[PDB]
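Colleague: So here's upload_18.txt, just compact mmCIF, C-alpha atoms and all ligand atoms:
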```txt
# COMPACT_ATOMS: atom_id res chain seq x y z
CA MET O 1 0.00 0.00 0.00
CA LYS O 2 1.30 3.41 -1.05
CA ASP O 3 2.00 6.07 1.55
CA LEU O 4 -0.40 8.45 -0.21
CA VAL O 5 -2.70 5.36 -0.17
CA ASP O 6 -4.21 6.49 -3.46
CA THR O 7 -1.82 8.53 -5.62
CA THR O 8 -4.31 9.65 -8.26
CA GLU O 9 -6.72 10.87 -5.59
CA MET O 10 -4.03 12.78 -3.76
CA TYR O 11 -2.89 14.72 -6.86
CA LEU O 12 -6.47 15.70 -7.59
CA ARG O 13 -7.13 16.76 -3.98
CA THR O 14 -3.98 18.85 -4.13
CA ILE O 15 -4.82 20.61 -7.41
CA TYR O 16 -8.07 21.48 -5.62
CA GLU O 17 -6.63 23.13 -2.52
CA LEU O 18 -4.11 24.92 -4.74
CA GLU O 19 -7.11 26.32 -6.61
CA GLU O 20 -8.91 27.06 -3.38
CA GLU O 21 -5.85 29.09 -2.37
CA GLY O 22 -5.51 31.06 -5.61
CA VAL O 23 -2.32 29.33 -6.69
CA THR O 24 -1.94 28.00 -10.22
CA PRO O 25 -1.95 24.20 -10.24
CA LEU O 26 1.60 23.61 -11.43
CA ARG O 27 3.52 20.35 -11.35
CA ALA O 28 6.19 21.97 -9.18
CA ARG O 29 3.41 22.82 -6.75
CA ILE O 30 2.26 19.17 -6.60
CA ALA O 31 5.89 18.12 -6.30
CA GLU O 32 6.66 20.17 -3.22
CA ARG O 33 3.30 19.89 -1.50
CA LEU O 34 3.09 16.13 -2.06
CA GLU O 35 6.86 16.02 -1.66
CA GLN O 36 6.73 13.93 -4.84
CA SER O 37 9.85 13.99 -6.98
CA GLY O 38 9.80 15.42 -10.52
CA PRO O 39 9.70 12.48 -12.98
CA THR O 40 7.33 11.06 -10.37
CA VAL O 41 4.86 13.92 -10.69
CA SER O 42 5.48 13.99 -14.44
CA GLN O 43 4.59 10.45 -15.39
CA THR O 44 1.73 10.54 -12.89
CA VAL O 45 0.35 13.84 -14.22
CA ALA O 46 1.17 12.30 -17.58
CA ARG O 47 -0.94 9.35 -16.50
CA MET O 48 -3.92 11.46 -15.61
CA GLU O 49 -4.40 12.91 -19.09
CA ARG O 50 -4.74 9.36 -20.33
CA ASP O 51 -7.83 8.65 -18.26
CA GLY O 52 -9.04 12.18 -18.83
CA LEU O 53 -8.78 13.51 -15.29
CA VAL O 54 -6.89 16.60 -16.34
CA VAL O 55 -5.31 18.57 -19.17
CA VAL O 56 -1.96 20.30 -19.04
CA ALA O 57 -2.02 23.67 -20.83
CA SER O 58 0.80 24.90 -23.09
CA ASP O 59 2.01 26.50 -19.88
CA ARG O 60 2.13 23.39 -17.69
CA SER O 61 -1.08 24.64 -16.13
CA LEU O 62 -3.15 21.80 -14.65
CA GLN O 63 -6.81 21.85 -15.63
CA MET O 64 -8.97 19.07 -14.18
CA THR O 65 -11.66 17.92 -16.63
CA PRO O 66 -15.36 17.96 -15.69
CA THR O 67 -14.68 14.48 -14.25
CA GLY O 68 -11.35 15.00 -12.57
CA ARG O 69 -12.94 17.92 -10.77
CA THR O 70 -15.97 15.90 -9.74
CA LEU O 71 -13.63 13.29 -8.26
CA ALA O 72 -11.39 15.87 -6.56
CA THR O 73 -14.53 17.29 -4.99
CA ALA O 74 -15.51 13.78 -3.84
CA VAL O 75 -12.06 13.24 -2.25
CA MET O 76 -12.17 16.70 -0.60
CA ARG O 77 -15.66 16.12 0.81
CA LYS O 78 -14.74 12.77 2.45
CA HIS O 79 -11.53 14.23 3.81
CA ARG O 80 -13.18 17.14 5.60
CA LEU O 81 -16.15 15.05 6.73
CA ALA O 82 -13.64 12.53 8.16
CA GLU O 83 -11.92 15.31 10.12
CA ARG O 84 -15.34 16.39 11.36
CA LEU O 85 -16.02 12.85 12.65
CA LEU O 86 -12.53 12.37 14.16
CA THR O 87 -13.06 15.62 16.06
CA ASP O 88 -16.75 15.75 16.93
CA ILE O 89 -17.57 12.13 17.83
CA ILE O 90 -14.30 10.19 18.26
CA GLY O 91 -12.29 12.93 19.95
CA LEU O 92 -8.97 12.17 18.29
CA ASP O 93 -6.26 14.73 19.12
CA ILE O 94 -6.72 17.65 16.75
CA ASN O 95 -3.04 17.35 15.98
CA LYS O 96 -3.67 14.02 14.28
CA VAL O 97 -7.10 14.59 12.78
CA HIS O 98 -5.62 15.63 9.46
CA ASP O 99 -3.06 12.91 8.72
CA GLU O 100 -5.72 10.43 9.79
CA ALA O 101 -8.22 12.00 7.38
CA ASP O 102 -5.60 12.13 4.68
CA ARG O 103 -5.75 8.36 4.99
CA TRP O 104 -9.45 7.63 5.43
CA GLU O 105 -10.63 9.88 2.59
CA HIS O 106 -9.48 7.16 0.12
CA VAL O 107 -11.55 4.33 1.65
CA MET O 108 -14.73 6.05 2.88
CA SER O 109 -17.90 5.30 0.99
CA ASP O 110 -20.68 7.58 -0.27
CA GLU O 111 -23.10 5.69 2.02
CA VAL O 112 -21.02 6.29 5.15
CA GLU O 113 -20.72 9.88 3.98
CA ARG O 114 -24.48 10.26 3.69
CA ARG O 115 -24.76 8.72 7.15
CA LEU O 116 -22.18 11.11 8.59
CA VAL O 117 -24.04 14.19 7.35
CA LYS O 118 -27.06 12.78 9.13
CA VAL O 119 -25.11 11.76 12.20
CA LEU O 120 -22.90 14.90 12.33
CA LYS O 121 -24.09 18.19 13.79
CA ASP O 122 -22.17 20.64 11.57
CA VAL O 123 -21.31 19.70 8.03
CA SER O 124 -20.75 23.13 6.54
CA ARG O 125 -17.20 23.59 7.78
CA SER O 126 -14.36 21.20 8.58
CA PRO O 127 -12.62 21.36 11.96
CA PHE O 128 -10.22 23.77 10.28
CA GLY O 129 -12.64 26.38 9.00
CA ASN O 130 -12.83 25.16 5.44
CA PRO O 131 -16.18 24.65 3.81
CA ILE O 132 -17.14 21.10 2.85
CA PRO O 133 -17.78 20.91 -0.92
CA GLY O 134 -19.92 18.53 -2.94
CA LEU O 135 -22.57 17.89 -0.28
CA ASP O 136 -25.19 18.55 -2.97
CA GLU O 137 -23.96 15.55 -4.96
CA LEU O 138 -24.41 13.47 -1.84
CA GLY O 139 -28.11 14.13 -1.34
CA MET J 1 -4.63 1.73 -4.92
CA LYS J 2 -5.15 -2.03 -4.73
CA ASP J 3 -8.62 -3.46 -4.29
CA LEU J 4 -7.49 -5.28 -1.13
CA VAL J 5 -6.00 -1.83 -0.28
CA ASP J 6 -3.16 -3.55 1.55
CA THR J 7 -2.33 -7.01 0.18
CA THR J 8 0.08 -8.10 2.91
CA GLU J 9 -2.41 -7.15 5.61
CA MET J 10 -5.23 -9.00 3.93
CA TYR J 11 -3.31 -12.30 3.66
CA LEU J 12 -2.40 -12.09 7.33
CA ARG J 13 -5.99 -11.28 8.37
CA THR J 14 -7.15 -14.25 6.34
CA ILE J 15 -4.65 -16.74 7.81
CA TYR J 16 -6.08 -15.54 11.13
CA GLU J 17 -9.76 -16.20 10.50
CA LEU J 18 -8.80 -19.53 8.91
CA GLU J 19 -7.11 -20.35 12.22
CA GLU J 20 -10.04 -19.00 14.17
CA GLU J 21 -12.22 -21.41 12.20
CA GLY J 22 -10.04 -24.50 12.67
CA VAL J 23 -8.95 -24.67 9.05
CA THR J 24 -5.29 -25.12 8.15
CA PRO J 25 -3.87 -21.95 6.63
CA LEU J 26 -3.15 -23.25 3.14
CA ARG J 27 -2.35 -21.19 0.06
CA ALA J 28 -5.37 -22.66 -1.72
CA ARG J 29 -7.44 -21.36 1.18
CA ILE J 30 -6.04 -17.82 0.75
CA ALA J 31 -6.53 -18.15 -2.99
CA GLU J 32 -10.23 -18.91 -2.86
CA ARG J 33 -11.14 -16.74 0.10
CA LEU J 34 -9.21 -13.75 -1.22
CA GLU J 35 -10.16 -14.88 -4.72
CA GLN J 36 -6.46 -14.37 -5.45
CA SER J 37 -5.04 -16.44 -8.29
CA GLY J 38 -2.33 -19.05 -7.67
CA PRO J 39 1.02 -17.55 -8.78
CA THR J 40 -0.45 -14.43 -7.18
CA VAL J 41 -0.80 -16.04 -3.76
CA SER J 42 2.50 -17.84 -4.31
CA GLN J 43 4.83 -14.94 -4.93
CA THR J 44 2.98 -12.95 -2.27
CA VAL J 45 3.21 -15.74 0.32
CA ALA J 46 6.72 -16.11 -1.07
CA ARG J 47 7.17 -12.43 -0.32
CA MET J 48 6.07 -12.74 3.26
CA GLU J 49 8.80 -15.17 4.28
CA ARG J 50 11.30 -12.58 3.15
CA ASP J 51 10.18 -10.01 5.69
CA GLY J 52 9.60 -12.75 8.22
CA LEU J 53 5.83 -12.53 8.53
CA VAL J 54 5.33 -16.23 8.05
CA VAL J 55 6.94 -19.61 7.39
CA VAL J 56 5.62 -22.25 5.03
CA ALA J 57 6.03 -25.76 6.45
CA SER J 58 7.17 -28.75 4.36
CA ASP J 59 3.44 -29.24 3.90
CA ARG J 60 2.57 -25.79 2.54
CA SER J 61 1.21 -25.02 5.99
CA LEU J 62 1.25 -21.28 6.74
CA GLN J 63 2.74 -20.37 10.10
CA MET J 64 2.79 -16.66 10.96
CA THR J 65 5.91 -15.69 12.94
CA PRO J 66 5.65 -13.98 16.35
CA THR J 67 5.51 -10.74 14.32
CA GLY J 68 3.22 -11.73 11.49
CA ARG J 69 0.76 -12.85 14.13
CA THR J 70 1.07 -9.63 16.09
CA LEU J 71 0.28 -7.71 12.90
CA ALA J 72 -2.59 -10.01 11.90
CA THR J 73 -4.03 -9.40 15.35
CA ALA J 74 -3.62 -5.64 14.83
CA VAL J 75 -5.45 -5.81 11.46
CA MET J 76 -8.21 -8.00 12.97
CA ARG J 77 -8.71 -5.66 15.93
CA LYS J 78 -9.13 -2.53 13.73
CA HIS J 79 -11.44 -4.39 11.39
CA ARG J 80 -13.89 -5.49 14.08
CA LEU J 81 -13.65 -2.19 15.96
CA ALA J 82 -14.45 -0.42 12.65
CA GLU J 83 -17.55 -2.60 12.21
CA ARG J 84 -18.52 -1.73 15.78
CA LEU J 85 -18.28 2.01 14.97
CA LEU J 86 -20.06 1.72 11.59
CA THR J 87 -22.91 -0.03 13.39
CA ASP J 88 -23.14 1.57 16.83
CA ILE J 89 -22.49 5.27 16.11
CA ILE J 90 -22.71 5.86 12.33
CA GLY J 91 -25.60 3.52 11.61
CA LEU J 92 -24.35 2.25 8.26
CA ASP J 93 -26.51 -0.55 6.82
CA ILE J 94 -25.34 -3.79 8.42
CA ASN J 95 -25.14 -5.21 4.93
CA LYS J 96 -22.25 -2.88 4.15
CA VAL J 97 -20.52 -2.69 7.52
CA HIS J 98 -18.12 -5.45 6.57
CA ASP J 99 -16.86 -4.42 3.13
CA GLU J 100 -16.48 -0.93 4.56
CA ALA J 101 -14.44 -2.30 7.48
CA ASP J 102 -12.45 -4.47 5.13
CA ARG J 103 -11.32 -1.13 3.74
CA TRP J 104 -10.84 1.02 6.83
CA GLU J 105 -8.87 -1.57 8.80
CA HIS J 106 -5.81 -0.72 6.65
CA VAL J 107 -5.81 3.03 7.40
CA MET J 108 -7.05 3.26 11.01
CA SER J 109 -4.52 4.30 13.60
CA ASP J 110 -3.75 2.90 17.06
CA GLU J 111 -4.74 6.31 18.52
CA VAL J 112 -8.16 6.30 16.87
CA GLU J 113 -8.47 2.72 18.04
CA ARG J 114 -7.72 3.66 21.63
CA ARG J 115 -10.27 6.46 21.28
CA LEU J 116 -12.90 4.09 19.89
CA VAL J 117 -12.59 1.69 22.83
CA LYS J 118 -13.20 4.70 25.03
CA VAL J 119 -15.95 6.08 22.84
CA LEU J 120 -17.60 2.69 22.09
CA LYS J 121 -19.95 0.97 24.51
CA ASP J 122 -19.14 -2.68 23.74
CA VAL J 123 -15.70 -3.65 22.57
CA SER J 124 -15.69 -7.33 23.44
CA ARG J 125 -17.58 -8.53 20.38
CA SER J 126 -17.91 -7.25 16.82
CA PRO J 127 -21.35 -6.66 15.30
CA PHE J 128 -21.10 -10.23 14.08
CA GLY J 129 -20.49 -12.05 17.34
CA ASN J 130 -16.76 -12.40 17.01
CA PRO J 131 -14.52 -11.39 19.86
CA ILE J 132 -12.17 -8.45 19.30
CA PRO J 133 -8.55 -9.58 19.80
CA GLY J 134 -5.46 -7.62 20.78
CA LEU J 135 -7.23 -5.03 22.96
CA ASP J 136 -4.57 -5.70 25.61
CA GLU J 137 -1.85 -4.45 23.27
CA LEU J 138 -3.86 -1.28 22.85
CA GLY J 139 -3.95 -0.27 26.51
NI NI C 1 -7.14 18.24 5.89
NI NI C 2 -4.96 11.35 1.31
NI NI C 3 -15.56 -8.52 9.01
NI NI C 4 -9.19 -5.41 4.21
```
Would you mind writing the file's structure down as structure tokens?
Modeller:
Amino acid sequence: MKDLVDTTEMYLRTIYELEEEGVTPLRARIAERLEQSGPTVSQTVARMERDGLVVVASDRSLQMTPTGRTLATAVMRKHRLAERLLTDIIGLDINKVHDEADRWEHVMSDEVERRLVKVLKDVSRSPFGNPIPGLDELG
Amino acid sequence: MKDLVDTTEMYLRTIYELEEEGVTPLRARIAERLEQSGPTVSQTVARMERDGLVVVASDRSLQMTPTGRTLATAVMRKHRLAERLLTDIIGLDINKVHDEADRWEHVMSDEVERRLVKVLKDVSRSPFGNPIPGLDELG
């Protein structure tokens, strides 16, 4: 099992936060953030255009496709809902909530997600102030 | 990301239930159960003796080593504690609790585990009647 658990999902989540921040999704940005090497990020980003999860502009700009984005949103929603659960009901040290969520977000289901929304008190923001996207797709 | 999420952990969990049942941990048993092919189970079981997680007797019998076992126990404890959480606090359909746990057990931490025991009402049995092993190692 990979350390990122799910490479493809981690690149897509990253491109998303980078966007959320205002930054331009650039390989170099995914390389540092994910601490991924260069020809690592390259063949992986080069692997995403094959399945149509993104397009790299004639400026190395990373543009998720209507699907990549939908999936990034999915990964981002689980992640922040996981943090919400690890904080609100389990009580895991806030200093570990993230790393733990970085891991769960790749194995959580849509069903458990729908059940969390219903079981959780606040689903608009994560324990870190960020809004939780894609809840509309849930239901 | 692999479908088993964590191959090595899934073989070890399997050898464990097989033991729990009375069966002899045999490759063929891991092959059907895990639905893994043959030269798949072979090079993987053949990969476990390299890291010392098991020994294959002159009868193809699979004997976890003091460490393999400790890890199998760890995987089995998270699995059944996950089911307990997915049933007791989240309310996920019992018909999905397992598959979901089959997935989480490879990303759950010891810390979240320790917090579950404390947050969960019954930690002696899983939602399926099985006892939860290794709780002593937890704390
Ligand atoms: Ni986070
Ligand atoms: Ni992650
Ligand atoms: Ni189970
Ligand atoms: Ni599993």
Colleague: Could the residues of chain J within 7 Å of chain O, counting all atoms listed in the file, be given as JSON, numbers by chain, please?
Modeller: {"J": [1, 5, 6, 90, 91, 92, 103, 104, 107, 112, 115, 116, 119]}
Colleague: Any idea what the distance is between CA of residue 43 (chain O) and CA of residue 58 (chain O)?
Modeller: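 Those two atoms sit 16.8 Å apart.
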Colleague: So the first atom is CA of residue 84 (chain O) and the second is CA of residue 123 (chain O); what is the distance between them in Å, to one decimal place?
Modeller: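 CA of residue 84 (chain O) sits 7.6 Å away from CA of residue 123 (chain O).
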Colleague: Within 9 Å of ligand NI 3 (chain C), counting all atoms listed in the file: which residues, as a list in words?
Modeller: residues 76, 79, 80, 82, 83, 97, 98, 99, 100, 101, 102, 126, 127, 128 and 130 of chain J
Colleague: So how many Å separate CA of residue 51 (chain J) and CA of residue 38 (chain J), to one decimal?
Modeller: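 Between CA of residue 51 (chain J) and CA of residue 38 (chain J) the gap works out to 20.4 Å.
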Colleague: Residues near residue 133 (chain J), anyone? I mean within 12 Å using all atoms listed in the file, not counting same-chain ones fewer than 5 positions away, as a ChimeraX atom specification.
Modeller: /J:13,16-17,20,69-81,123-126,138
Colleague: With all atoms of region 62-67 of chain J from the file as input, state the centre and edge lengths in Å to one decimal of the axis-aligned box that has 4 Å extra on each side, as JSON.
Modeller:
```
{"center_x": 3.6, "center_y": -16.0, "center_z": 11.5, "size_x": 12.7, "size_y": 18.5, "size_z": 17.6}
```
Colleague: Please check which residues have atoms at most 12 Å from (6.4, -25.3, 0.7) in the file's coordinates, counting all atoms listed in the file, and write them as a ChimeraX atom specification.
Modeller: /J:26-27,42-43,45-46,49,54-63
Colleague: Considering all atoms listed in the file, state which residue in the set O:44, O:36, O:24, O:95 is at the smallest distance from ligand NI 1 (chain C).
Modeller: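 Answer, going by the shortest atom-to-atom distance: O:95.
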Colleague: Between O:11, O:53, O:23, O:94, which is the closest to ligand NI 1 (chain C) once you count all atoms listed in the file?
Modeller: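 Closest to ligand NI 1 (chain C) of all the choices is O:94.
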Colleague: Compile the contact shell of residue 31 (chain O) as a VMD selection string: residues with an atom at most 9 Å away, counting all atoms listed in the file, same-chain residues fewer than 6 positions apart removed.
Modeller: chain O and resid 37 to 38 40 to 41
Colleague: Just the selected residues (C-alpha atoms), exported as a PDB file, in the frame of the given file, please.
Modeller:
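The new file part_24.pdb reads:
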```pdb
ATOM      1  CA  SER O  37       9.850  13.990  -6.980  1.00  0.00           C
ATOM      2  CA  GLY O  38       9.800  15.420 -10.520  1.00  0.00           C
ATOM      3  CA  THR O  40       7.330  11.060 -10.370  1.00  0.00           C
ATOM      4  CA  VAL O  41       4.860  13.920 -10.690  1.00  0.00           C
TER       5      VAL O  41
END
```
Colleague: From the set J:21, J:88, J:39, J:139, which residue has the shortest atom-to-atom contact distance to residue 121 (chain J), counting all atoms listed in the file?
Modeller: J:88
Colleague: Go through J:3, J:18, J:68, J:10 and flag the residue nearest ligand NI 4 (chain C), using all atoms listed in the file for the distances.
Modeller: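 Of J:3, J:18, J:68, J:10, the one nearest ligand NI 4 (chain C) is J:10, counting all atoms listed in the file.
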